[PDB]
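In order, the protein sequences belong to chains C, I, B, E, D and F. Counted from 1, the first sequence has number 104 at position 104 by PDB author numbering; the numbering is strictly sequential. Take any residue in the second sequence, count from 1 to its spot, add 213: that is its number in PDB author numbering. Counted from 1, the third sequence has number 352 at position 352 by PDB author numbering; the numbering is strictly sequential. Numbered per PDB author numbering, the fourth sequence spans residues 1 to 36, 48 to 439. Counted from 1, the fifth sequence has number 3 at position 3 by PDB author numbering; the numbering is strictly sequential. Counted from 1, the sixth sequence has number 242 at position 242 by PDB author numbering; the numbering is strictly sequential.
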Amino acid sequence: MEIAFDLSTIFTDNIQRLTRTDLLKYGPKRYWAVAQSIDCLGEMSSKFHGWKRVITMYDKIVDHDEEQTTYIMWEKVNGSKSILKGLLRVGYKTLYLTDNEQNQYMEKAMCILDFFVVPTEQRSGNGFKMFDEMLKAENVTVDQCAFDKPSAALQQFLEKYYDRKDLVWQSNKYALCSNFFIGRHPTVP
Amino acid sequence: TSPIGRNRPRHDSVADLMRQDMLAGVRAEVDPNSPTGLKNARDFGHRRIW
Amino acid sequence: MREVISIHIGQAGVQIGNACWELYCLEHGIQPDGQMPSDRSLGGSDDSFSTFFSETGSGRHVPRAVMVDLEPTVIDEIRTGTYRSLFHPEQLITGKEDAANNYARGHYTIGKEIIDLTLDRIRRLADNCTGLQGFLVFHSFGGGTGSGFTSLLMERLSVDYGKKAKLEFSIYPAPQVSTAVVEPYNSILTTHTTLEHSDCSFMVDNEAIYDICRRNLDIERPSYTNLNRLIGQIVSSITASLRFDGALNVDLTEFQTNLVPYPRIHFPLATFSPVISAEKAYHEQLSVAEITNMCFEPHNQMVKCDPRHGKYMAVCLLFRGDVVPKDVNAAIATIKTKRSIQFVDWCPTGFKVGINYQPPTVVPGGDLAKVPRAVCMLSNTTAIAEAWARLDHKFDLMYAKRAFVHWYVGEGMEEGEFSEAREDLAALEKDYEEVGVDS
Amino acid sequence: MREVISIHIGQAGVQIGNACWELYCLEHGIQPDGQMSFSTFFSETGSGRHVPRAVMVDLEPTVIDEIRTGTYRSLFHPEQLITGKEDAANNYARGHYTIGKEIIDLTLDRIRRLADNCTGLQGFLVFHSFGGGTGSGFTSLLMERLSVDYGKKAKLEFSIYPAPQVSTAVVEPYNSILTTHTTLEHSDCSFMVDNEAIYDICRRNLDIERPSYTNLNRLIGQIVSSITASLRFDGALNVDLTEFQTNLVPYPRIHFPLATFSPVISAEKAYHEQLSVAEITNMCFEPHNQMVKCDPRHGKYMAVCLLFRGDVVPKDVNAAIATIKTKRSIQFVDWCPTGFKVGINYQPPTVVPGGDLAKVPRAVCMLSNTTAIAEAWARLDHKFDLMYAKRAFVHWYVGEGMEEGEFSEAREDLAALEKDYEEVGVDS
Amino acid sequence: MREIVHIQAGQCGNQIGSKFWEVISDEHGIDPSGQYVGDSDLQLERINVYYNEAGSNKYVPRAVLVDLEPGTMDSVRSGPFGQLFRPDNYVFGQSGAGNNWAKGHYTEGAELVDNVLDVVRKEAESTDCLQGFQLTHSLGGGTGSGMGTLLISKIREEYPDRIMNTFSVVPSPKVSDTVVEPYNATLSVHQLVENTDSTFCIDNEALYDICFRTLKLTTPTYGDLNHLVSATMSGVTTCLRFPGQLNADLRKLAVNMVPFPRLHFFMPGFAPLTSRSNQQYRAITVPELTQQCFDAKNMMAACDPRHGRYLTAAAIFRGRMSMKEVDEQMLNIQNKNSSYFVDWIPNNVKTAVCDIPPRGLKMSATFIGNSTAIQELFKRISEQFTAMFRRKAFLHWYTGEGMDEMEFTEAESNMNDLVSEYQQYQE
Amino acid sequence: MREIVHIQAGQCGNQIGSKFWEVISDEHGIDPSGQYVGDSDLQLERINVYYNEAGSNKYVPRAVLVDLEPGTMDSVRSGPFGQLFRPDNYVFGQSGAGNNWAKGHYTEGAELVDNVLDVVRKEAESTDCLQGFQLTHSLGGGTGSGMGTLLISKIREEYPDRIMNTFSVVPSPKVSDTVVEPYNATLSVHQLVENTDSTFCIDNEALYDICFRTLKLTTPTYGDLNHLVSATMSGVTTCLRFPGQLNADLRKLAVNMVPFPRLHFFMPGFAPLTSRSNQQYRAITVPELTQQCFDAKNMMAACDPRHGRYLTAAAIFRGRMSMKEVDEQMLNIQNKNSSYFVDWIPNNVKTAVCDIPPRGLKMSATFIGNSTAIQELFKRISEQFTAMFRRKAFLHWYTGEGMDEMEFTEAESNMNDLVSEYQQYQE
Ligand SMILES: Nc1nc2c(ncn2[C@@H]2O[C@H](COP(=O)(O)CP(=O)(O)OP(=O)(O)O)[C@@H](O)[C@H]2O)c(=O)[nH]1
Ligand SMILES: Nc1nc2c(ncn2[C@@H]2O[C@H](COP(=O)(O)OP(=O)(O)OP(=O)(O)O)[C@@H](O)[C@H]2O)c(=O)[nH]1
């Protein structure tokens, strides 16, 4: 939860974009703070989900075959001690899509790998700023991103903001909006 | 590129484990549409009747 | 953790394996190249995909399957098809040339050339396994490659493992649709080995699925792909209990205990009741009662045999989807009310119910309509004896003239083996006749 | 901080150095023209140019001219590319006595200049081949002079050893026998490698139908990178060169260990393999996976060093070591119950673009001192005795300044070394 | 002071036990996370009967969850109340018994029962005074029917004095779901007869009938059946956990309900069972509660109580009420149906009143019946077993596992002897 | 008032010391920059024992960092608590000793020990009253063992009265990683016996076994082992820094443990080690704490404690707890396990209580046991040393530095003497 480092000296703003290149530039050789923060955030995410494994750590992110980006928000508390607040991950992956009436599709989509915020900061409008900052950063809309097995709160948020409800499920455990503007279906439904 | 430094060997997991204080005690609700959620809501669960 | 090993032999076995593995990849959300894009699901229902797919150090998933054939072209299709990277390359075992639809070639001469490699690959796969539940075998009785290699390999698997379950879904020869002029010989020969070294064998008739697709699916001229998809649906419905949670689960041990009254009576039927086209299914609710009624309809059987001419001994109903036990009880009561479905008097409760909340999965562009619930009926009945009687009659007629004895005996075969297999199958038919009479 | 000097003699050594320096540039991100932790292998100039700490010497300039016109022409400082006028013609006597002295002074002066450039000189690296004339006479002269000058400094070398069947020169046994005397005299630890074994490895594991010298040199460079990684990359249980020598040299003369890089498998097959620590450790000891054409089961293991790289956990290493020890087939000397030298590095190996190696997550290089290596000495001694019983080609050597008795002295030294190998392996 | 140890075997037993602890935590005011959230100290004054305390206001159940297949184990752990249980109490083998009595009773149960006995004994020695063990299992399955009986025999060996309760589910042909279940039932009946102090037979057909008509549930599932069973669970033992005018523990119920040692098969029921729409249609008071405790269609067992006279009956009431009103209702019920009770017993029914009713109900009554009508289910199971054994329908599996025809004949003879003993008092 | 000088030699020593300083800063609420950010005034009451005042509310450890490989020093400086130390205290050489005891003791160690002793003396003269020296090192390596032996000899020569305790990591065959490590261990145990008031043996195999069994860690790392050692070390010296009902500092412990001057090898342990799941469901109590302290598995020596007899044992407790509850537990332990304690000592057990527990922990117990079972490690080391010395396995490397072969023979005899005297009281 709490990190014993002043994140302002390394992070420019409250919410930072961390591409694989940025992780390389923020290596844990002398910047252990950011690696420890991301690992603790992933561990908290897995503990909340009650899983037997963790899916968000520095090593697999930097070793991941495809490029990925990470968004972290924090808060200044002490001179050399700060607090961890949230996390956010997304990246490019290729998927085979199928909409209503069994129509095959294939395209590159923004697959959000994970969402999590610290339980002590639950509710009170946390993470919507992350949503907005990401969609401004890579200039994509909600309809253009893919969701990886959303939990109930996630499509609740999608109907709360942007009113994207009735998420369509996919055979590959992914979920997307009912609006598929990509077209170019390989197979006639 | 550059050499890849792994924090996993430098990770200290017993620090939480040795500390009797635990951030656990909270569980994520299973999706009702999921087979686990369906089982939990129907076979495990029961709608009030008295 | 529980896992199973699937073995596919011959062109029929390989194609069935391709179809069923496509269905498994779709069910578990696995890409055709072996990737699992669902990162979150990797930490959740791990056992589901781990039942059929092994986990690699790179995050990829390798199916626990063995692609073996005496000729490479059918396997070359996989190495060139969409799923080329799905399967581990070493499990794609290819011989030099086919068996030319000869059981002796696949049992004595050519089989032994790669049986050692196949056993080594199976041993390597099993060593990585920890909670192995059984083996799935896919082959065709009437062919030469399948009937020979399965005969050679089943005994080796039995002596290697023993108590481990061995389940095979095989295409039984059609009473009227003949593809190979010498298929009855191979069928009679493999009947001996499939009886001794198995736990339960599921008969399949090509003409049965032909007429089922003609009637229910309205497609006049189906290809082998539709049959492969339906058999994949059968096997997925059977195995859904192991890899998914449900009320009143039926695993391999429960299935074998319920559906095998005697060691030689392990030849049950198989049928998927809710087969219907997309346009037709929209007009019916397909509730539990009607699908349960369709279960016992002779037209819905995937083996060309008349159930009314025989009787049901034990029946298993592996319901999947939105099913509650009250509907199952009402359906079973209604089934027991009618006297057309006649049961043996010594087995009053020969029904084994199994329910899973996992809905059936339909492939994109699939013939099967999306349905909330599905039931896969597995029944041990004496009506299967008529097909065996017809096959024995055809075998006797062919062997009386010694029409193709020379081809077999030229590949290390003894003529007495034909008589031995014939008398074994005759004794098995007599065993069904004896067990079918009421006390 | 901790620098090491590499010296290349002969065509084989020059090509192996080319490959290893390409691999080092790939690992450290140094551009092929020298543009851009790395202090071990490179010296950073003020202008930003990175110069490898390597010496390129060959009596025939063609192989050096290949680099001087190749991709890495700007990588190496020009004075490091020492060249002669004509090769040794595969003659050890020509390589050393009559010719090598012409440029040995310049070569040793360049070595001294490079050594004075750095401060933490851990040791020396020499790449050469026993069969060749230059890489045996010039190597002998240069390394004996280097040992005389420095002494206590570490001296490591990687020597190519003639195959039982693959012999590209008829006079290979003579030069190999002549060099074996002095490689036992000055080299602190010699890494002997056979080309035929690498060919077999490429044919079997990598499934390459038509191997080439490029693949062999790439594998050798990978092994050199693995052994030298502990001096330049972080990781628990670091293994320094001095630690390495202390671990694998139980006797002053028994310093000829084997070498192998285990996770060599095709890319289309690597993706479908777990590549666990236990599995790779077990297949390290495969008899056909050793790059010296001798069966380890024939001899007995005496001192084994493992250098794990990438995602490695010490508990998995301990489990693998216990499983290996339980395997009675992998025999060990009774007087060294703890001969396993475990080393772990956090830096995963890199893959050369176009190279046959796949991007494994973890890798380990196994270096074992075993008595099974005596088979190579037996083969070489048999060949030399057969070729010298009738004095096949003694006239060239005696005419190029060396004495007839030198051959007999080398043969008796080889016999003594084989006797020492036989004696050290007996139980106590 | 009077602690109780719970054992759960098989998937059915584990489900019923999970519902049991859910209901008990509801009554005892325990949060699913394991923290006490109750308001009345009476809920906590004797919480030691079921829950061991961790000191930091945290309680863990005194339960032994065990099953051959780990699938049921992690299914329970993933449940809403699965977190509450102690991880060291989760015992499992490799795979399920396969509905095979021999597999769960002679080989696989043979290995697992050592660890099960170890954990049970360790957990029992932590109690000040363990009154006894109460267990939930299913007769129709293999895991329960075999291994639970083996554990019962072992515990009886290790604890000849402590009371034993076997809240078990018996199979019936009407809602039969397993082909081989009669074999398990006949193999387990003798063990239950010879190693149990109190047995409460339960049938799913009776549960479905009650839900369909008595309670009018549109589409009840196993959850509601287990909830009714758990309501009976709490009702039978409500005396030990709360004060009452007529305080009767499980020992007193056993003494009143067991005229003879081999007649310890009971038949339970729940009184306030009424549909949601009929809550205002009916007002609740002692007369109709007492009447419903003896109603045939409100009874937890499939067998009709009319065909067999009650030997002894037990009505355990809860909540504030008048003792004399209860006595008058019981005497009126006894007199108005004297043909339904044995004459040689001067007073068949013995009651017990608690001062705390279940939450959501003004007052509740739990019925226990030692009626001779139980012999009907045993007769049906025995005739099914005879029909199956006349041709040895599935004997080969058990014989391969090590079973013999002699054991089958002995079990059938013992169960027929029990039926004959019931018929002896059936006049 | 009773300050302690802390020195870290060898890579393992530096890592353990870094983890220990991190743990102490966590206990004392000290910022990694050295500033005090604690929430209690009791921490600053005795912070001077381990830290030196820097004026502006900043505190720096009284630690001396020495290592011949600058990479370890660079890693520590770049680590999470690198800035906690001051750059003056850092000491390093050019290259490591290369696992060569002679290299690290006769030439390179001899050249570095001048600066090492200079900085150690400069730190020592700045104290108010130097209670003693503590040093972290590993016997298996070359640099750590040689430098530790040389430095402990030098400090004993310079400080003939102060307490010297060394927290050494004893190599074991199961997790052996160095070929020549038995030689280093044989050469170091000589000086440890000669000039150390107390040496705490630590085995990596035992730590891995504890982490796998009790902790149930998925994949333990060196960080976890260092954390365990750090927690034990902090527990040992808790009497000096915090008040308690019964104070037991280094001198009192040293008096109460050793029966004879040269039998000064202790085997530590730590109580509250609990897995993730069992943390919330284990009633941590003084009986539980002492049971796990005396548990064989929890012990950090690979030797089985039951394969010997305890001479003297001390358990140091932290947190509020009644004295009688601890005394009764100690009497129960000494009575039940009387066969494991020597009879010739009237009271084999030593007790200690501290009022302030480790941060985030309700109460903890630290166990140290001086049992004859430690002789098994020395027996294995002597066996390996004799096996290697029989054929002169690696003696040429050590003789190259001028060290005589006769030293090996004398050390082996002293190894026998240490085993013999331990075997002398072993019965
Ligand atoms: N009232 C309930 N009966 C159940 C429930 N689940 C199963 N059963 C009954 O269980 C009976 C079969 O017993 P089990 O399911 O425990 C099978 P077994 O004992 O062999 O255990 P497993 O091997 O672990 O499956 C059958 O008559 C079912 O109707 C449930 O949730 N409630
Ligand atoms: N592994 C390997 N061996 C090589 C390579 N190039 C040459 N060799 C070996 O080197 C030997 C040939 O003799 P050289 O050492 O090149 O000859 P030299 O007389 O010393 O030097 P040159 O005359 O300049 O070639 C044979 O053993 C070759 O197989 C190479 O790229 N890789």
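Every residue gets a Cβ at the ideal spot worked out from N, C-alpha and C, and that includes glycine.
Short CB-CB distance (under 8 Å) between residue i and chain I
i             : result
residue 244/B : yes
residue 262/E : no
residue 357/B : yes
Endpoints, beta strand (DSSP E) assigned at residue i
i            : result
residue 56/B : Here residue 56/B belongs to no beta strand (DSSP E), and DSSP marks it neither H nor E.
Sequence-distant residues of its chain with Cβ nearer than 7 Å to residue i (five each side left out)
i             : result
residue 233/F : 20 and 167
residue 174/D : 205
Closer than 8 Å to chain B by CB, residue i
i             : result
residue 41/C  : no
residue 245/I : no
Within-8 Å CB hit, residue i to chain E
i             : result
residue 226/I : no
Chain-order list of residues whose beta-carbon lies under 6 Å from that of residue i (same chain, five-residue window excluded)
i             : result
residue 241/F : 46 and 49
residue 8/D   : 14, 17, 65 and 136
residue 233/E : 272
Opening and closing residue of the alpha helix (DSSP H) in which residue i lies
i             : result
residue 166/E : First-last for residue 166/E: 165-172, but that is the beta strand (DSSP E), not the alpha helix (DSSP H).
residue 31/B  : Unbroken run through residue 31/B: none, as it is neither H nor E.
residue 208/B : 206-215
Residue burial classification, residue i (beta-carbon count within 10 angstroms, cutoff 16)
i             : result
residue 149/F : buried
residue 106/B : buried
residue 308/D : buried
residue 184/B : buried
residue 140/E : buried
residue 52/C  : exposed
Short CB-CB distance (under 8 Å) between residue i and chain F
i            : result
residue 74/C : no
CB contact check: residue i to chain C, cutoff 8 Å
i            : result
residue 60/B : no
Original post:
At what residue ranges does the region 267-297 of chain D contain a whole run of the beta strand (DSSP E), taking only runs of 3 or more?
Top reply: If only complete runs of 3 or more residues are kept, the region 267-297 of chain D shows the beta strand (DSSP E) at 268-270, in order along the chain.
**OP:** Would you list, in sequence order, the uninterrupted beta strand (DSSP E) runs of no fewer than 3 residues that lie entirely inside the region 170-213 of chain D?
**Re:** Complete beta strand (DSSP E) runs here, min 3: 198-203.
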